[PDB]
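These notes are about the structure you will find just below.
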Amino acid sequence: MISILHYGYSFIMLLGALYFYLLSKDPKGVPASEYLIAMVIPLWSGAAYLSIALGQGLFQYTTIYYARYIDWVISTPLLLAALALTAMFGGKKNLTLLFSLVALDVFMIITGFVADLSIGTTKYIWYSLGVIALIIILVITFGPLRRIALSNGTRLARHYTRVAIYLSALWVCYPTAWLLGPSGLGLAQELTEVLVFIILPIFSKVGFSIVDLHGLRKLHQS
Amino acid sequence: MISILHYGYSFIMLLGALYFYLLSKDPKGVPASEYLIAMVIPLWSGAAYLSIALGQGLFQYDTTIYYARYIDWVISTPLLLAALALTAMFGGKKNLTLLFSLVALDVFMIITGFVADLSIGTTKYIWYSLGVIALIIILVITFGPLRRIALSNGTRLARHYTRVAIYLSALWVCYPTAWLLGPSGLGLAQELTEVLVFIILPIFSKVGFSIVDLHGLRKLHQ
Amino acid sequence: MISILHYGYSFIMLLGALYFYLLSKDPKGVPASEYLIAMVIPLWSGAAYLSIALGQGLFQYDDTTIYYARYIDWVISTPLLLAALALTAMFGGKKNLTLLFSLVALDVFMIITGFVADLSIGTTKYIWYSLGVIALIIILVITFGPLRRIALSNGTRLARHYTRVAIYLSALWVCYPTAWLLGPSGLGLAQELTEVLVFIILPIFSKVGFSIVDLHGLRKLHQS
Ligand SMILES: CCCCCCCC/C=C/CCCCCCCC(=O)O
Ligand SMILES: CCCCCCCC/C=C/CCCCCCCC(=O)O
Ligand SMILES: CCCCCCCC/C=C/CCCCCCCC(=O)O
Ligand SMILES: CCCCCCCC/C=C\CCCCCCCC(=O)O
Ligand SMILES: CCCCCCCCCCCCCCCCCCCC
């Protein structure tokens, strides 16, 4: 079942990527960079999850789905970049703030991988550092990054706030699932975790960019 | 013989790099960034191939994986594409989105090759196939939108770009052909043959390309 | 012993990072990017050294201990330190990102040669070490050559500051490969504990010390 679920995921990623490419052909005031980001996220996640489908992106230590971390270390920082560019739409870009988020995010995923490879107190030290990174990301998202959004007008700010809440809601789910699942306290069955890390990603990897791009495109007056 | 061939390669890379450094001292209208790219490519490939020469950059899997090649290509090949892209954009506005589109496709391509090499049966050829699809999309961009940018920068620049585009594209298709025929693929070609092919081709791609490229661009100065 | 030393280091890194964050809140004409760089360096080094403290960032090889977490640290921290130095030279002027990424490239290569050298034995080890030393020399030539000339182009006061931080960092730079060569990774003249202490103390001066000197000097140039 696990194999089939991952094959299906990879196919949905491919479909999402194609949709964003088609949108890119009639961009409606949205820079090409934002379409490229939107496309890379699902395509990369697709490849990683395909490796799991083929029975390659995991090993025994319990089952460590290391392919997930290879996925997130690229996809999650790109998702943050997309959100940041949305905040900066119609204004001057703050790449310092953007790369601040990328750095925090990459560290977050790495702590997760190390934590998964760790046992006892060591595991939860790394997990904890990752959670601290996530909190700082959330503070930036609803603090200085939102103030940039507000500096770019009512309509843009309204869209940013919507996508910020969307992504933030999914963000908190991942570390919650991790902790409850076999990687953490082991309260949740492996199959449950597998389904959670199939469904969430669909909403984060494709869902987010659909909401984001449509909202931005709507700001265009042709 | 394999060790000696790699030592010789590394020496040629060193010579090529030094030549490009000398050219950089009297740049003739070519930005410093394009000389830096030209220098990093051979120097990086040189180091990687030196590791093989020393008997480090390979392991047994029951064939020999020259993993040092993938370490080389994951850096050298995206830089080669960047160089080609900047050539197209010479004298005009740069499209970094298109450039990083090519880098992304290229890095993915090399990774699929590494995974394919570590894979067996149908799994190997799935990854190989994904890499081939990336290469095709790179070729479509190179002779499509990227060439149209070249054409927008004048007849003389376009003529040069088309020349270097065909040069690199010719070498590009050789690598996946050799891979498939050689021990990593169908195993029709002898290991020594593959070793020689992945010594000779790189010399034309890592040094040859930049010689042709830089000379052509420098010639546009007068 | 070794574990406790690394825990202490990680705490000092955290304190340094917090200090730079506080400075960033009242920037005094120093761009945000330079505060971000100043913060990432110690935070990253802290995390890496914490892994050693926990007994994860090291393994046995050649019957000796490879502290591989050091290389994970340096491959990120050392290029950021060079970027910081380069941006200092370019303070008040046009950026030369080509020169900057030239230094990053040389630096990343340098650290990698060190890792490979540490995994190597006999003549192979010292070939890699040698390639790393050549990279360091080219970095020093750039630092006191073209990069200093950029500093000079940005006025007497900035140039004076750059020269000071350039000498500071360059002095620490030569120490690392000297310690490596003398320690178990090289000739094995120095005991493991001696090397461990050197690669605890130097980093404190490089990862925190440098940015304290650098940021204070730059902030001083601010008129208000
Ligand atoms: C250990 C591996 C870590 C790799 C991390 C990779 C992170 C990739 C993310 C990059 C995001 C950069 C986006 C920049 C957008 C450009 C701004 C613009 O379009 O004007
Ligand atoms: C693991 C894979 C990582 C690949 C990294 C290799 C780097 C390839 C990227 C090169 C981009 C170069 C862009 C140069 C822009 C020049 C603009 C200018 O001259 O003003
Ligand atoms: C092995 C992976 C190594 C990757 C290196 C990571 C760090 C590289 C450092 C880059 C610093 C970039 C600084 C750019 C300066 C811009 C300043 C400005 O314009 O405001
Ligand atoms: C494995 C990766 C670990 C973390 C590395 C993080 C790298 C990025 C961090 C800092 C560099 C910031 C440089 C960007 C500033 C751009 C300024 C501008 O031009 O507006
Ligand atoms: C602002 C709204 C935030 C979310 C937007 C998109 C909707 C996401 C809803 C979450 C999807 C379900 C995730 C959990 C799946 C658990 C399945 C358990 C099966 C055993």
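Starting from 1 in every chain, residues are counted up; chains themselves are A, B, ... following the order of the structure tokens, and ligands are numbered from 1 as listed.
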Selection within 10 Å of ligand 4 by only C-alpha atoms and all ligand atoms, output as an MDAnalysis selection string: (chainID A and resid 73 92:108 110) or (chainID C and resid 31:41 43:44 72:73 75:77 79:80 83:84 95)
Distance-based interface of chain B with chain A, 10 Å, counting only C-alpha atoms, as a ChimeraX atom specification: /B:95-98,100-101,104-105,108,112,115,118-119,122-123,126-127,130
Pick from A:30, A:125, A:70, A:82, whichever lies nearest to chain C using only C-alpha atoms: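 Ranked by minimum distance to chain C, first place goes to A:125.
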Within 6 Å of ligand 5, counting only C-alpha atoms and all ligand atoms, residues as JSON, numbers by chain: {"A": [165, 166, 169, 192, 195, 196, 199, 200, 203]}
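Distances here use only C-alpha atoms; by that measure, the residue among B:121, B:31, B:216, B:187 closest to chain C is B:31.
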